[PDB]
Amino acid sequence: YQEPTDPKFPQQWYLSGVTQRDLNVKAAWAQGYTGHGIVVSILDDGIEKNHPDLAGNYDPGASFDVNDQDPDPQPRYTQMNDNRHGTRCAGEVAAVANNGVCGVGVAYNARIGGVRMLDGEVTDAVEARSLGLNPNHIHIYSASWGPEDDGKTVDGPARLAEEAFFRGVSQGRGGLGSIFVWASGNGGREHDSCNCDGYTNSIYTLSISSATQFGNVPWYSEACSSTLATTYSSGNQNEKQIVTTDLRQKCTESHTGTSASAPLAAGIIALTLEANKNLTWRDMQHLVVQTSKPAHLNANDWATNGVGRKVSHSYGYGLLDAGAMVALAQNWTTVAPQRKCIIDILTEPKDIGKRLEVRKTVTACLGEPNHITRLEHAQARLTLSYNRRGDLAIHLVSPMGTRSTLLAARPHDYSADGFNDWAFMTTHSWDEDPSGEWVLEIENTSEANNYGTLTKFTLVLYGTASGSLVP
């Protein structure tokens, strides 16, 4: 195997490193996996399809302009180069290799397109038409953005966009399911908590956070239990950043944020799908859980879950490992059909006050076709009123003892509107047996005499009843 000769490949430290602080992508390339035959689409502000490092891999069938309603996602050029982000992300996935231009994509033989959908009013219809673009041609969708990362918003896909997610994972990709890769958010300095973003909090998105070059939680990171895994991105000014294609046929060394991490994950997932084109959308999440690596990622919340995996709310299961992903993909056995066990918990509404604990022992649908002994995602779907939402912290403890933070205190969130059947999701109990006692904790983190009521708590378990590995 000959590594890429591109002039900036040495600067792509998160691919080219020899110090073990990388995504182990060279290992996958040397196994023969470069993304050939895989199609990725960047949902963003457009894609410069004539960029010298993108043209060779550009795919019009992976592209559309939902903002102006035409097939051509070319960016709108402006004096501040506002609409450059999709081009940056496209190159992360699939910049052409060995062509003397900039660097390379993770999946430098994949086909790459873009949906121009952020340069205009983003409505539910816009979102749905983007997520649902050509779902039997595009394999993987990469989305770096969502509701405002202001630390006070709770929002998610409205009806058309949620329908697009379920159509995508159900019928997309020939029934194997569209793979939606999402950035968990850039709201760190606003103390944002990413389960309040219903796109990344969805089970249908494979959500990705960031690590700095020195292995730290970047200033912009949002912690939450819905995150699955991590890729490198930017940090402080002594740490390197992401190197990729830029608007106006240029090359940037200063692509940043969690919004730069999701495309790298999309590229790794493209390599993995080349290694096994039969993987379902859930198979892909299983591979990420099993192969991702905590080592050398610094966080004060690493915890071992009930099946012996370390998990963090900043990093999920750790750094994606492309070589491990493609290796495990090749002989992966398709997971069983997804089961869903619905448990209505409360017998009566509960005053929250300063603190509320709800304990419930469940059988996880014992005796039923939705009996789950092997958890995937779990949700606590909560309906509650409270006078100042951001003073709440919410935790969910599984029978195996795994304490998932569903909501951290959000100091800017002054809302008195509470949560209306909000489906807080955790990945941290993946592969655990969910039978037994679950505990929901709701706490007022402020000294104020806050008040409200929990009126509904639905525990929703997803998973299967066969095929577990030894912890």
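Don't overthink the numbering: it's just position in the shown sequence, from 1.
Visitor: Return whichever of 414-422 and 65-73 has the greater mean Cα B factor according to the PDB record.
Guide: Comparing 414-422 with 65-73, the higher average CA B-factor belongs to 65-73.
Visitor: As stated in the PDB record, which stretch has the larger average Cα B-factor, 369-377 or 329-337?
Guide: Mean B over CA atoms: larger for 329-337.
Visitor: Whose CA atom has the top B-factor in the entry, of 312, 209, 363, 236?
Guide: Of the options given, 363 has the highest CA B-factor in the PDB entry.
Visitor: Should residue 269 be placed in the lowest, middle or highest third of its chain by the C-alpha B factor in the entry?
Guide: Lowest third of the chain for residue 269's C-alpha B-factor.
Visitor: Relative to the other modelled residues of the same chain, rank the CA B-factor of residue 458 and answer lowest, middle or highest third.
Guide: Lowest third, going by the recorded CA B-factors of the chain.
Visitor: Is the Cα B-factor recorded for residue 60 in the lowest, middle or highest third of its chain?
Guide: As the PDB entry reports it, the C-alpha B-factor of residue 60 lands in the highest third of its chain.
Visitor: Ranking every modelled residue in this chain by its Cα temperature factor as given in the entry, which third contains residue 280?
Guide: It belongs to the middle third of the chain when residues are ordered by C-alpha B-factor.
Visitor: C-alpha B factor of residue 434, ranked within the chain: lowest, middle or highest third?
Guide: Ranked within chain, residue 434 CA B lands in the lowest tercile.
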